[PDB]
Amino acid sequence: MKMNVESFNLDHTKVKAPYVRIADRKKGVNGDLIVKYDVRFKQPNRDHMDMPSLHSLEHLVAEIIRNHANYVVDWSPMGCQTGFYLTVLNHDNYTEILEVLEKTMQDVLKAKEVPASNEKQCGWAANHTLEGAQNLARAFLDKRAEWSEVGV
Amino acid sequence: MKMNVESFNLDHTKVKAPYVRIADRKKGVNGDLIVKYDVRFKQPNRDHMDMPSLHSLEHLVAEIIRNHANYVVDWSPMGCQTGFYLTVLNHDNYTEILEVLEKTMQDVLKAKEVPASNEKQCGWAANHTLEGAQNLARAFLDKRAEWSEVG
Ligand code: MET
Ligand code: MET
Ligand SMILES: [Zn+2]
Ligand SMILES: [Zn+2]
């Protein structure tokens, strides 16, 4: 059957994390294209990101990717804690997305702090960690070569 | 200082959960609209949702809401665990959003299982709870008359 939600149609047991998958392409009535990418850090049901590191990598990448790209719509963590969804508008070169992510992960490692990590600009300012975030980004980076190998 | 990220520009110490807030807008070069809504379940830095309940609510609303619309681009949980982001395409009607969210939450209470809570369709299948999700859905619903008052 075809599920209502795109990711419910992905066989999680066959993908090989880490990877960047074209999860969805929507073209608006006016022709504008919206593309969604499943950037998986951990292997489904085999591992996951602890919330403090996940939460910080969200602030860091959300803020930084937008320095390297003018077409980012959103960067949101998955509830399953194994990855993030990246949404872009009017951009459709898979390779350029990997380079943008690459440049972005590199700047995460050179970070000296986690952006807007206080009670004025965050709903849980306490739950943060730059080290964990950076640990996640380095690990993701170390397998850059495998990014386009989704596995299924 | 204005951050690249729009929610970083929201003064979290002046909002009052629960609430549904028009958080962002973007328009393609061809005219297509994208509106993102900040739907806050918990008071910032004063409370938060536990992951299993949040995870289950992600699944439930994500499937249930698209049974009621056909313009939903995405239903995503926030890293801070206090709310979700609702993204829509070519739909600019705040009132309808509240009603759809009202209908969605009601169906969530009639749900018998968290959909797709298995290892083939979920990245952490064991981390779920239907009841937990239904408890967040009931609370959110009880305070319905407040949804439009963000400040
Ligand atoms: C709280 S970090 C910002 C997350 C949001 N989904 C965005 O990319 O704008
Ligand atoms: C894991 S439920 C799917 C969530 C995703 N943000 C969507 O709206 O499709
Ligand atoms: Zn935050
Ligand atoms: Zn899941």
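Residues numbered from 1 in each chain as written, not as in the entry; some residues may be left out. Chains lettered and ligands numbered in written order. Heavy atoms only, no water.

X-ray crystallography is the method the PDB entry states for this structure, with the resolution given as 2.38 Å.

## Some points on the site of ligand 2
Rules: For each residue, the test is whether any non-hydrogen atom lies within 4 Å of the molecule or strand; if one does, the residue is near. In protein, a polar contact means a hydrogen-donor-capable atom and an acceptor-capable atom, both N or O and within 3.5 Å, with residues adjacent in sequence counting only if both atoms are side-chain atoms; elsewhere, any N or O pair within 3.5 Å suffices. All accessible-area figures derive from a Shrake-Rupley calculation using a 1.4 Å probe, and residue coverage is judged against the displayed protein chains alone. Points on a 1 Å grid, built from protein atoms alone, make a cavity when a 1.4 Å probe fits but cannot get out and make a pocket when they are open with protein on both sides within 12 Å along at least 5 of 7 lines; residues with an atom within 4 Å of a point are the lining residues. Molecules are considered to sit inside a cavity or pocket once more than half of their atoms lie within 2 Å of its grid points. Under the DSSP-based scheme used, a helix requires at least four consecutive residues in state H or I and a strand at least two consecutive residues in state E, with every element numbered from the N terminus. Throughout, the ten residues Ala, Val, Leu, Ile, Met, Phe, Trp, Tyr, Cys and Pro are labelled nonpolar, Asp, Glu, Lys and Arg are labelled charged, and all others, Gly among them, are labelled polar.
Taken together, A:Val5, A:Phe8, A:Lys36, B:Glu58, B:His59, B:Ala62, B:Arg66, B:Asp74, B:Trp75 and B:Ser76 make up the full set of residues adjacent to ligand 2. Residues lining ligand 2 come from chains A and B. Contact between ligand 2 and B:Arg66: an oxygen atom at 2.9 Å from a side-chain N or O atom of the residue. Contact with the protein chains covers 93% of the free accessible surface of ligand 2, which is 310 Å². Taken atom by atom, the bulk of ligand 2 overlaps the largest pocket. Among the elements of the structure, α1 (51–68) and β3 (72–77) of chain B are those that each provide at least two residues to the shell around ligand 2. Here the shell around ligand 2 gets four residues from one element, more than from any other, and that element is α1(B). Split by residue class, the shell around ligand 2 holds four nonpolar, two polar and four charged.

## Brief notes about the UniProt feature "binding site: Fe cation" in chain A
Cut-off, in case you're wondering: UniProt positions are given in the numbering used here, feature names are shortened, and annotations may be inferred rather than shown by experiment. Whether two residues are in contact is decided by their heavy atoms, any of which lying within 4.5 Å being enough.
When the UniProt feature table is mapped to this numbering, "binding site: Fe cation" covers A:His55, A:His59 and A:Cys122. These annotated residues cover 68 residues of sequence, but their C-alpha atoms sit close together, with the largest distance between any two at 10.2 Å. Restricting the annotated residues to those that line the second largest pocket leaves A:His55, A:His59 and A:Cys122. Inspection of the secondary structure assignment puts A:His55 in helix α1 (residues 51–68). In this structure A:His55 touches A:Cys122, A:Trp124, A:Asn127, A:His128, B:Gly79 and B:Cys80, once residues within four positions along its chain are discounted. A distance of 3.2 Å separates the side chain of A:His55 from the side chain of A:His59, its partner in a polar contact.

## Points about the sheet that holds β3(B)
Residue and element names in this part refer to chain B. Rule in force here: Two strands are said to pair when DSSP picks up at least two bridges between them. Convention adopted: a line fitted to C-alpha atoms gives each axis, helices being fitted over their contacting stretch, and angles between N-to-C directions are expressed from 0 to 180 degrees.
Strand order in the open sheet formed by four strands is β1-β2-β4-β3, and the pairing between neighbours is antiparallel. Of all the strands in the sheet, the pair left with one neighbour each is β1 (19–27) and β3. Here the strands of the sheet are splayed against their neighbours by 15 degrees on average, with no regard to which way each runs. With respect to the sheet, helix α2 (residues 94–108) is in contact with β1, β2 (33–40), β3 and β4 (83–89), its orientation differing from that of β1 by roughly 125 degrees.

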